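Notes to accompany the following structure.
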Amino acid sequence: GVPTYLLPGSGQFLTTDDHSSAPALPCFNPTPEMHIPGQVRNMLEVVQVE
Amino acid sequence: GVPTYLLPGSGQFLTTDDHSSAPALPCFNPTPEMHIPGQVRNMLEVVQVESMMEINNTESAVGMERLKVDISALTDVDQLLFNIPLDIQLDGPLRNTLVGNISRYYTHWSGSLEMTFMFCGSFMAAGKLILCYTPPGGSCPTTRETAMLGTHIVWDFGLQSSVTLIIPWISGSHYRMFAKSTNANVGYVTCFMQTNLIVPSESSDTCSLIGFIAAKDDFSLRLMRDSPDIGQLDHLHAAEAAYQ
Amino acid sequence: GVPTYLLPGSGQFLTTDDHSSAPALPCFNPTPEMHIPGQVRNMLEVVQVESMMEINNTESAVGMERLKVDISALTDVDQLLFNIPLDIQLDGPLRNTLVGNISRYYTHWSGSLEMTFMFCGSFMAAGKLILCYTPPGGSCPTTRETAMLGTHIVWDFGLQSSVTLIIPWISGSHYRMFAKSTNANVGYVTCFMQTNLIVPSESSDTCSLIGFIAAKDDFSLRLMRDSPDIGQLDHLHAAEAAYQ
Amino acid sequence: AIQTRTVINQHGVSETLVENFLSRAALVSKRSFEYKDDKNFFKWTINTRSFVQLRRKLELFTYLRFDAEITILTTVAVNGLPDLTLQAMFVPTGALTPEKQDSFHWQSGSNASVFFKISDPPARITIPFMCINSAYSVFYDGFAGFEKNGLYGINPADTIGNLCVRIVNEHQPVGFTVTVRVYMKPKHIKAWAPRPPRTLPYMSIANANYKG
Amino acid sequence: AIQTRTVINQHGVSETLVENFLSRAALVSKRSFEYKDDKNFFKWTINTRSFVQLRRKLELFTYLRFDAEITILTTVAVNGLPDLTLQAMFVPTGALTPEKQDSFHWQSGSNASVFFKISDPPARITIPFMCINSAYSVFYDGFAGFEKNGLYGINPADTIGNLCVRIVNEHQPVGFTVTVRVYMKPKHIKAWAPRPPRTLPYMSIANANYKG
Amino acid sequence: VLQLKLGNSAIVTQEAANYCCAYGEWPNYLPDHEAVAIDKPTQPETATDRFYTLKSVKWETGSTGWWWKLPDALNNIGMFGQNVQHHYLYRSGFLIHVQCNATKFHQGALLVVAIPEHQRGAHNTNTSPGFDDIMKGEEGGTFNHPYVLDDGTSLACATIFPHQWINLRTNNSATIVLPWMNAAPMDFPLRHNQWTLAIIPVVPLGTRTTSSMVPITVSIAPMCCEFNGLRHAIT
């Protein structure tokens with residue numbers, strides 16, 4: 001097959017990783033997005049408010 | 001999925017690998033790069049810069065008197081002022097230099113060097129030196145007669161107070177057999193009094209020489225090692241303060 | 001991430017794999033390639049070079065006398081000087097040759113060979129030989145009459161002192177059954193005195209033959225093994241000096 | 001002592017690059033701690049001044065800019081052999097550091113904790129450039145405290161942060177010693193203003209003192 | 001002893017290539033060391049003269065140029081079964097070699113240390129071509145020391161370097177023996193000036209002596 | 001075209017008729033892309049590109065062989081021996097002209113073979129050969145065990161090296177033209193010998209009279225010498 005070797009840092013749980021994991025309930029459609037007023041895209045929008 | 005088998009050398013931590021790892025704080029913007037003057041892209045740029053030699057090479061010369069060779073009326077007619085053993089690795093004039101200490105981080109090293117002998121007497125002080133490059137394998141000259149037979153340069157210090165001195169290809173490395181195996185010899189740069197020193201009645205009778213050493217662009221270094229110039233033996237103070 | 005499962009044969013160290021591994025000193029430039037004369041790209045180039053046979057094949061011949069066959073007035077009219085059993089594997093003339101010792105690193109081997117019999121008597125020394133290639137399966141000739149019936153070459157050594165002798169396709173291998181199983185026979189190259197040796201009164205009565213053996217371009221080797229010509233039994237001296 | 005020589009046939013300047021000079025995973029920290037449940041864990045303020053081999057090699061430069069690629073190599077020694085889970089929580093400047101093995105700071109969501117086992121390959125995280133100046137002042141001619149008789153040569157900006165390593169496991173019937181070897185390979189290295197190599201031996205890790 | 005024969009149907013010269021002839025991961029070193037914390041570690045100057053099978057096979061050539069692909073196969077035997085971490089630090093020419101298990105040379109950042117466990121697959125590193133001549137002189141007709149009555153046939157350039165293997169673990173309650181098998185597969189092989197195959201048995205690993 | 005006439009030395013023989021470019025390579029100077037080799041190798045002219053004719057060795061019936069290690073055979077001789085004792089580097093191929101003058105009533109065969117890196121072995125001991133056992137000089141050395149070439153490896157396979165046969169029936173001469181045979185681009189003559197001219201009589205000398213004192217004369221021409229500079233301009 002594909003010759004693969006393990007790097008150091010294999011099998012570690014880094015709490016700041018961004019690896020997509022196996023979804024628990026796949027083929028489950030969530031509730032569709034409703035336009036809720038006042039979305040915060042950025043925490044500086046909280047800070048710029050008096 | 002993807003059929004993968006483990007190679008030998010899997011799960012090993014090789015200290016000289018170049019595998020990008022999982023960043024601890026991703027989506028953290030670092031401080032932006034500011035144009036700081038004098039970036040070193042290459043350690044040979046450190047080596048090509050001139051640096052003073054310890055050309056006095058006497059045992060009694062402690063510390064700062066090693067950087068200069070005093071010439072006077074005591075040097076009578078033909079005196080060996082200094083020989084410079086061109087072994088960067090071995091203890092001598094070229095040991096504690098920029099070409100000296102950076103080439104002790106590397107095992108194998110080869111290239112041309114470039115000496116500069118700046119005379120530091122008075123303006124009235126006249127005289128001559130004969131700076132003699134002995135190639136490796138040849139014998140070091142003991143007399144000034146033997147010194148002018150080989151490669152030399154008769155330097156009258158009149159208005160000319162500095163000599164660029166190209167040395168061809170000082171090479172060498174470290175060795176180990178089945179240690180105590182150094183470089184044999186890469187030649188010498190000796191200096192004999194051609195004339196006597198001439199100073200007037202107001203200038204000082206004792207004048208000095210500063211020697212420099214730099215590498216040219218053809219100097220090269222490889223097989224990086226650890227430099228034994230430093231070493232901890234007992235302790236460093238407050239070494240446990242990085243843990244407490 | 002990437003769904004990967006482990007195959008059988010994962011984490012194994014197969015000694016005949018061709019997987020590139022993590023280099024110990026990466027970003028280390030090795031010494032550049034210098035054109036050294038006589039590169040061997042292929043071990044058959046070692047085999048195609050001629051090499052002396054041990055054509056004397058008597059038990060009393062110790063060492064260097066094995067390389068030559070002495071002919072004299074003792075060889076009366078029709079004497080078997082030498083047979084060359086064409087078994088490279090078995091102990092004989094072709095054992096300790098270049099075609100002999102490189103074909104003991106390989107199990108299966110097949111191809112044409114090429115003998116060269118250089119006569120090393122005086123210039124005045126005349127006579128005849130009859131060099132007889134017996135094919136495999138045939139019987140070795142005992143008399144010179146039987147020798148000229150098969151494939152032969154009647155060689156008068158007048159000005160002609162060397163014979164290129166193409167042997168067609170000496171093959172063979174090793175065997176093992178449910179060992180003691182060698183190649184049967186791949187024929188012979190025998191030599192009988194056709195005439196008597198003629199030397200004058202000043203040349204020596206005893207003249208000699210050097211035989212060579214080389215492979216042609218069609219000789220081939222496969223299933224590489226270990227050659228049993230060498231073997232350590234007790235010790236080598238200072239073998240622990242590579243560790244101490 | 002014999003004296004040999006050989007023709008040195010080289011080609012290239014690429015091995016003397018500063019990216020190539022300093023990027024070696026050198027051991028930067030090694031202490032053992034007894035475990036039975038510092039109070040039985042491993043914390044260490046990340047500096048390069050702990051070992052004089054990397055220190056003099058980095059004190060060739062004034063300013064450095066590197067991503068430190070910390071590799072926590074953990075070995076264990078029993079005073080049965082257990083399998084253990086560790087936490088090499090990296091504590092930056094500003095986040096609080098643990099004082100005990102079971103403090104509330106180990107479960108901080110904002111600290112970059114990495115959870116790894118001893119039977120795994122060694123844990124490796126790339127700590128980024130976190131000086132708030134644009135380079136690490138290897139030498140800081142100046143004071144942290146504003147006209148205060150405190151400590152000289154400590155840049156307030158050059159703090160990497162404490163690297164705190166504990167054992168996630170609770171009390172176990174065997175007491176054992178855990179030696180945490182931290183290997184740092186600086187990478188993406190820019191370096192400014194080269195300096196003379198230090199000749200005299202060091203006296204402390206806080207400063208550039210010398211005995212002679 | 002029966003005498004059989006078979007029609008040998010072959011095709012190709014590719015198996016007799018010198019790249020194909022020598023690139024077999026042959027065992028080049030094997031010694032055991034007791035461990036309790038040489039003084040309980042494994043060091044070995046990398047030569048091919050330790051075993052006569054690879055030695056005669058490489059003494060078919062005068063000059064060789066290969067990347068040695070060292071595979072450290074480590075097995076362990078107890079005099080509970082522990083899991084161990086090892087360090088196969090490769091010490092080139094010029095870097096100092098350890099004398100004890102806990103010397104300061106094991107933590108050298110410039111030496112190419114590889115940290116591996118016994119329960120892992122075997123550690124494999126590709127040591128490059130590090131002769132400073134452009135090929136390894138298998139036979140060196142000449143002397144290292146310049147007109148010195150020392151040792152004949154030792155090229156100063158052909159030193160690979162010591163391969164030093166220790167156990168990173170500290171003291172443990174069980175004493176155990178560790179046998180380190182080093183497998184070297186030379187690769188990227190160029191070879192020059194073929195030589196006669198050696199007939200007489202070897203007398204030493206230092207030289208080409210013979211008894212007859 | 002060979003023309004055995006190098007410098008002031010020359011060999012006016014008649015029956016030479018062939019030479020052997022060793023490993024198919026003619027000796028040349030150091031190539032210009034190898035500037036690493038210190039920047040000043042002088043290229044000496046026919047001061048050293050000349051035949052250095054050694055002693056004629058007395059080949060009898062009971063002679064085992066002769067070996068001259070190159071350039072150890074020429075480190076005491078003439079302008080090559082002077083330059084060796086001053087220059088620490090050199091890079092020289094060699095032209096060897098061995099000829100064994102004999103009548104038409106002599107017999108024998110010389111394996112005039114040039115062995116690159118002939119690391120000799122001592123017999124029946126584990127001590128390595130000393131400096132005086134290896135470095136002989138103008139006299140050369142005699143093979144102790146020529147069937148194993150004094151290094152345990154066979155004479156029968158020694159034709160893998162560059163060799164010519166002096167079969168005294170056919171030819172009296174052998175000419176082997178050696179290139180620079182080293183891993184290094186230049187090397188060190190007082191402590192290393194790249195080649196070893198080995199003359200092994202495979203078939204011994206034979207005539208019905210008393211043991212014939214047939215001379216074998218060796219002439220070694222160091223073609224395409226280089227050395228250390230020693231005359232560099234320090235600016």
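We label chains A, B, ... in the order they appear in the structure tokens, count residues from 1 in each chain, and number ligands from 1 in the order shown.
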Distance query region 113-123 of chain B at most 9 Å, only C-alpha atoms, self and fewer than 3 positions along chain excluded, as an MDAnalysis selection string: chainID B and resid 48 50 52 99 126 157:170 199 203:204 206:216 218:219
Restricting the output to N, CA and C atoms, write the selected residues as a short mmCIF file (atom, residue, chain, number, x, y, z; two decimals), in the first residue's frame.
```cif
data_model
loop_
_atom_site.label_atom_id
_atom_site.label_comp_id
_atom_site.auth_asym_id
_atom_site.auth_seq_id
_atom_site.Cartn_x
_atom_site.Cartn_y
_atom_site.Cartn_z
N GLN B 48 33.77 36.42 6.90
CA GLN B 48 34.46 37.33 5.99
C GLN B 48 34.79 38.67 6.61
N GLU B 50 36.73 41.05 9.06
CA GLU B 50 38.04 41.03 9.70
C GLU B 50 37.90 40.97 11.21
N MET B 52 40.72 40.71 14.90
CA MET B 52 42.11 40.77 15.33
C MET B 52 42.65 39.40 15.68
N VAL B 99 36.98 34.05 12.06
CA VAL B 99 37.22 32.88 11.24
C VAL B 99 37.61 31.70 12.11
N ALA B 126 59.63 55.01 10.86
CA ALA B 126 59.90 54.28 9.63
C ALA B 126 60.66 53.00 9.95
N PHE B 157 57.01 50.47 6.16
CA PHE B 157 55.93 51.29 6.71
C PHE B 157 56.36 52.75 6.72
N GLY B 158 56.11 53.40 5.59
CA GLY B 158 56.27 54.83 5.46
C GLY B 158 54.92 55.48 5.57
N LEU B 159 54.30 55.82 4.45
CA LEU B 159 52.89 56.18 4.49
C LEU B 159 52.02 54.93 4.47
N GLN B 160 52.58 53.80 4.05
CA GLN B 160 51.84 52.55 3.94
C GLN B 160 51.81 51.86 5.30
N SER B 161 50.68 51.95 5.99
CA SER B 161 50.58 51.40 7.33
C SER B 161 49.70 50.16 7.43
N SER B 162 49.22 49.61 6.31
CA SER B 162 48.38 48.42 6.33
C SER B 162 48.70 47.56 5.12
N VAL B 163 48.70 46.24 5.29
CA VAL B 163 49.00 45.31 4.21
C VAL B 163 47.88 44.29 4.10
N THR B 164 47.10 44.39 3.03
CA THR B 164 46.24 43.28 2.64
C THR B 164 47.11 42.11 2.19
N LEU B 165 46.89 40.95 2.80
CA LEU B 165 47.77 39.80 2.61
C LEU B 165 46.90 38.59 2.27
N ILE B 166 46.77 38.28 0.98
CA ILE B 166 45.93 37.16 0.56
C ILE B 166 46.67 35.86 0.85
N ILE B 167 46.07 34.99 1.65
CA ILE B 167 46.61 33.66 1.90
C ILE B 167 45.83 32.67 1.04
N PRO B 168 46.49 31.87 0.20
CA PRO B 168 45.78 30.90 -0.63
C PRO B 168 45.42 29.63 0.13
N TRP B 169 44.12 29.47 0.41
CA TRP B 169 43.48 28.17 0.68
C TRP B 169 44.06 27.45 1.89
N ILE B 170 43.82 28.04 3.05
CA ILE B 170 43.95 27.32 4.31
C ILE B 170 42.76 26.38 4.45
N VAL B 199 62.66 55.53 15.12
CA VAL B 199 61.76 56.53 15.68
C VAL B 199 62.59 57.76 16.02
N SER B 203 59.05 60.58 19.45
CA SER B 203 58.20 59.40 19.35
C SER B 203 58.72 58.30 20.25
N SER B 204 57.83 57.40 20.63
CA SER B 204 58.19 56.33 21.55
C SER B 204 59.09 55.31 20.86
N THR B 206 59.05 52.15 21.36
CA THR B 206 58.36 50.88 21.21
C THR B 206 57.09 51.09 20.40
N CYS B 207 57.02 50.47 19.23
CA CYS B 207 55.87 50.56 18.35
C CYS B 207 55.24 49.18 18.21
N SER B 208 53.99 49.13 17.75
CA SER B 208 53.22 47.90 17.80
C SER B 208 52.59 47.57 16.45
N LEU B 209 52.14 46.32 16.34
CA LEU B 209 51.49 45.79 15.15
C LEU B 209 50.17 45.16 15.54
N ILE B 210 49.10 45.50 14.82
CA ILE B 210 47.83 44.80 14.94
C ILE B 210 47.64 43.96 13.69
N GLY B 211 47.37 42.68 13.87
CA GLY B 211 47.08 41.84 12.74
C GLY B 211 45.62 41.44 12.68
N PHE B 212 45.06 41.42 11.48
CA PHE B 212 43.67 41.04 11.27
C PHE B 212 43.62 39.76 10.45
N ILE B 213 42.45 39.12 10.45
CA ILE B 213 42.22 37.96 9.62
C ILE B 213 40.77 37.96 9.15
N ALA B 214 40.58 37.68 7.87
CA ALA B 214 39.25 37.59 7.30
C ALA B 214 39.27 36.50 6.26
N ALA B 215 38.11 35.98 5.95
CA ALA B 215 37.97 35.00 4.89
C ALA B 215 37.49 35.67 3.63
N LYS B 216 37.81 35.08 2.49
CA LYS B 216 37.33 35.61 1.23
C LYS B 216 36.04 34.88 0.87
N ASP B 218 35.51 32.52 -1.20
CA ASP B 218 35.70 31.11 -1.48
C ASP B 218 35.89 30.26 -0.23
N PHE B 219 35.73 30.83 0.96
CA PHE B 219 35.86 30.06 2.18
C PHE B 219 34.55 29.35 2.48
#
```
Within 12 Å of chain D: residues of chain C, using only C-alpha atoms, as a PyMOL selection string: chain C and resi 24-34
Pull C-alpha atoms from the residues just selected and write them as an mmCIF file, in the first residue's frame.
```cif
data_model
loop_
_atom_site.group_PDB
_atom_site.id
_atom_site.type_symbol
_atom_site.label_atom_id
_atom_site.label_comp_id
_atom_site.auth_asym_id
_atom_site.auth_seq_id
_atom_site.Cartn_x
_atom_site.Cartn_y
_atom_site.Cartn_z
ATOM 1 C CA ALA C 24 20.543 11.711 9.452
ATOM 2 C CA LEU C 25 22.360 14.873 8.345
ATOM 3 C CA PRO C 26 20.139 16.660 5.835
ATOM 4 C CA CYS C 27 21.291 19.987 4.417
ATOM 5 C CA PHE C 28 24.821 18.545 4.477
ATOM 6 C CA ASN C 29 26.455 18.708 1.063
ATOM 7 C CA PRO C 30 28.641 15.619 0.499
ATOM 8 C CA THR C 31 31.979 15.656 -1.279
ATOM 9 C CA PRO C 32 31.355 16.278 -5.004
ATOM 10 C CA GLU C 33 31.802 13.443 -7.449
ATOM 11 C CA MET C 34 35.272 13.264 -8.956
#
```
DSSP strand (DSSP E) selection over region 92-126 of chain E, as a ChimeraX atom specification: /E:114-117,123-126
What does the file look like for those residues with N, CA and C atoms, as a PDB file, in the first residue's frame?
```
ATOM      1  N   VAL E 114      18.597  10.168  17.078  1.00  0.00           N
ATOM      2  CA  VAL E 114      17.267   9.672  16.763  1.00  0.00           C
ATOM      3  C   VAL E 114      16.726   8.956  17.993  1.00  0.00           C
ATOM      4  N   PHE E 115      15.533   9.349  18.416  1.00  0.00           N
ATOM      5  CA  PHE E 115      14.923   8.836  19.632  1.00  0.00           C
ATOM      6  C   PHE E 115      13.795   7.892  19.272  1.00  0.00           C
ATOM      7  N   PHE E 116      13.937   6.638  19.674  1.00  0.00           N
ATOM      8  CA  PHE E 116      13.011   5.612  19.246  1.00  0.00           C
ATOM      9  C   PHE E 116      12.777   4.670  20.406  1.00  0.00           C
ATOM     10  N   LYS E 117      11.661   3.967  20.351  1.00  0.00           N
ATOM     11  CA  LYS E 117      11.316   3.001  21.372  1.00  0.00           C
ATOM     12  C   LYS E 117      11.472   1.589  20.838  1.00  0.00           C
ATOM     13  N   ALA E 123      14.428   1.847  14.179  1.00  0.00           N
ATOM     14  CA  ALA E 123      14.845   3.176  13.761  1.00  0.00           C
ATOM     15  C   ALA E 123      15.739   3.086  12.542  1.00  0.00           C
ATOM     16  N   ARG E 124      15.485   3.934  11.557  1.00  0.00           N
ATOM     17  CA  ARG E 124      16.236   3.896  10.315  1.00  0.00           C
ATOM     18  C   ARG E 124      16.609   5.312   9.925  1.00  0.00           C
ATOM     19  N   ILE E 125      17.905   5.555   9.733  1.00  0.00           N
ATOM     20  CA  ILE E 125      18.411   6.861   9.319  1.00  0.00           C
ATOM     21  C   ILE E 125      19.354   6.662   8.143  1.00  0.00           C
ATOM     22  N   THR E 126      19.331   7.592   7.196  1.00  0.00           N
ATOM     23  CA  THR E 126      20.207   7.511   6.032  1.00  0.00           C
ATOM     24  C   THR E 126      21.422   8.385   6.297  1.00  0.00           C
TER      25      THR E 126
END
```
Exercise answer, chain A residues close to chain D, 9 Å and only C-alpha atoms, as number ranges by chain: A: 6-16
Distance-based interface of chain C with chain B, 10 Å, counting only C-alpha atoms, as a PyMOL selection string: chain C and resi 2-14+17+19-31+238+241-244
Near-region 137-151 of chain B list (8 Å; only C-alpha atoms; drop same-chain fewer than 2 positions) as a VMD selection string: (chain B and resid 78 to 80 130 132 to 135 153 185 to 188 190 192 to 194) or (chain F and resid 86 to 88 230 to 234)
Dump of N, CA and C atoms for the selected residues, as an mmCIF file, in the first residue's frame:
```cif
data_model
loop_
_atom_site.group_PDB
_atom_site.id
_atom_site.type_symbol
_atom_site.label_atom_id
_atom_site.label_comp_id
_atom_site.auth_asym_id
_atom_site.auth_seq_id
_atom_site.Cartn_x
_atom_site.Cartn_y
_atom_site.Cartn_z
ATOM 1 N N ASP B 78 67.608 41.341 12.799
ATOM 2 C CA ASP B 78 66.783 40.300 12.193
ATOM 3 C C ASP B 78 66.236 39.443 13.326
ATOM 4 N N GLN B 79 65.010 39.725 13.746
ATOM 5 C CA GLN B 79 64.363 38.974 14.808
ATOM 6 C C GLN B 79 63.045 38.435 14.290
ATOM 7 N N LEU B 80 62.750 37.180 14.612
ATOM 8 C CA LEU B 80 61.414 36.648 14.382
ATOM 9 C C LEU B 80 60.451 37.348 15.324
ATOM 10 N N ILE B 130 59.231 42.017 6.819
ATOM 11 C CA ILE B 130 59.158 41.077 5.710
ATOM 12 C C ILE B 130 58.196 39.957 6.103
ATOM 13 N N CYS B 132 56.158 36.741 5.584
ATOM 14 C CA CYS B 132 56.535 35.587 4.782
ATOM 15 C C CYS B 132 55.496 34.493 4.896
ATOM 16 N N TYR B 133 54.764 34.260 3.817
ATOM 17 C CA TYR B 133 53.814 33.158 3.763
ATOM 18 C C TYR B 133 54.548 31.879 3.405
ATOM 19 N N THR B 134 54.660 30.982 4.366
ATOM 20 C CA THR B 134 55.161 29.648 4.096
ATOM 21 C C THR B 134 53.994 28.755 3.709
ATOM 22 N N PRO B 135 54.060 28.037 2.589
ATOM 23 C CA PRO B 135 52.984 27.115 2.248
ATOM 24 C C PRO B 135 52.988 25.928 3.188
ATOM 25 N N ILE B 153 56.727 39.422 1.470
ATOM 26 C CA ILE B 153 56.415 40.770 1.026
ATOM 27 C C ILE B 153 57.191 41.751 1.902
ATOM 28 N N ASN B 185 49.541 20.837 9.408
ATOM 29 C CA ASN B 185 50.021 22.202 9.287
ATOM 30 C C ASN B 185 49.433 22.766 8.012
ATOM 31 N N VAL B 186 48.992 24.017 8.058
ATOM 32 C CA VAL B 186 48.547 24.668 6.845
ATOM 33 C C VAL B 186 49.441 25.875 6.546
ATOM 34 N N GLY B 187 50.682 25.815 6.982
ATOM 35 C CA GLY B 187 51.628 26.854 6.679
ATOM 36 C C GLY B 187 51.738 27.882 7.784
ATOM 37 N N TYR B 188 52.473 28.944 7.479
ATOM 38 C CA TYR B 188 52.751 29.993 8.440
ATOM 39 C C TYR B 188 52.741 31.334 7.735
ATOM 40 N N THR B 190 55.103 34.374 8.819
ATOM 41 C CA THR B 190 56.106 34.870 9.743
ATOM 42 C C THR B 190 56.470 36.303 9.394
ATOM 43 N N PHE B 192 59.769 39.034 10.008
ATOM 44 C CA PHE B 192 61.108 39.337 10.469
ATOM 45 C C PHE B 192 61.369 40.822 10.313
ATOM 46 N N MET B 193 62.153 41.368 11.231
ATOM 47 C CA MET B 193 62.640 42.726 11.071
ATOM 48 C C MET B 193 63.613 42.754 9.905
ATOM 49 N N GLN B 194 63.237 43.433 8.827
ATOM 50 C CA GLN B 194 64.189 43.664 7.749
ATOM 51 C C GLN B 194 65.211 44.710 8.160
ATOM 52 N N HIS F 86 59.406 19.045 -1.210
ATOM 53 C CA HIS F 86 59.014 20.428 -0.969
ATOM 54 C C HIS F 86 57.519 20.651 -1.115
ATOM 55 N N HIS F 87 56.885 20.045 -2.112
ATOM 56 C CA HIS F 87 55.452 20.189 -2.318
ATOM 57 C C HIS F 87 54.722 19.131 -1.507
ATOM 58 N N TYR F 88 53.602 19.505 -0.898
ATOM 59 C CA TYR F 88 52.858 18.528 -0.117
ATOM 60 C C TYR F 88 51.756 17.868 -0.930
ATOM 61 N N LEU F 230 53.731 26.977 -4.178
ATOM 62 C CA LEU F 230 54.820 27.615 -3.425
ATOM 63 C C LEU F 230 55.241 28.978 -3.960
ATOM 64 N N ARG F 231 54.892 29.303 -5.198
ATOM 65 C CA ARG F 231 55.088 30.635 -5.743
ATOM 66 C C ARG F 231 53.737 31.303 -5.959
ATOM 67 N N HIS F 232 53.108 31.698 -4.869
ATOM 68 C CA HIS F 232 51.863 32.431 -4.968
ATOM 69 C C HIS F 232 52.137 33.897 -4.672
ATOM 70 N N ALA F 233 51.385 34.769 -5.324
ATOM 71 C CA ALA F 233 51.521 36.201 -5.133
ATOM 72 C C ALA F 233 50.626 36.609 -3.977
ATOM 73 N N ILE F 234 51.232 36.987 -2.860
ATOM 74 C CA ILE F 234 50.495 37.543 -1.729
ATOM 75 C C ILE F 234 50.426 39.052 -1.972
#
```
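Across C:112, C:107, C:182, C:83, the tightest approach to residue 225 (chain C) is made by C:107 when counting only C-alpha atoms.
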Shell around residue 209 (chain F) at 12 Å using only C-alpha atoms, local window under 4 positions removed, as a ChimeraX atom specification: /C:201-205 /F:60-61,105-106,205,213
Exercise answer, chain F residues close to chain C, 7 Å and only C-alpha atoms, as JSON, numbers by chain: {"F": [23, 25, 104, 105, 106, 107, 108, 109, 126, 147, 156, 157, 159, 160, 167, 169, 181, 182, 183, 203, 206, 207, 208]}
Backbone DSSP call of alpha helix (DSSP H) for chain A, listed as a PyMOL selection string: chain A and resi 44-47
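Picture a line from CA of residue 187 (chain D) to CA of residue 102 (chain E); it runs 28.1 Å.
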Report as a short mmCIF file (atom, residue, chain, number, x, y, z; two decimals) with C-alpha atoms, in the first residue's frame all protein, DNA and RNA residues lying within 6 Å of residue 68 (chain E), evaluated on only C-alpha atoms, omitting residues in the same chain fewer than 4 positions from it.
```
data_model
loop_
_atom_site.label_atom_id
_atom_site.label_comp_id
_atom_site.auth_asym_id
_atom_site.auth_seq_id
_atom_site.Cartn_x
_atom_site.Cartn_y
_atom_site.Cartn_z
CA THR E 126 20.21 7.51 6.03
CA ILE E 127 23.77 8.48 6.88
CA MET E 184 23.41 -1.07 6.94
CA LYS E 185 22.08 -0.96 3.41
CA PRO E 186 24.54 1.01 1.27
#
```
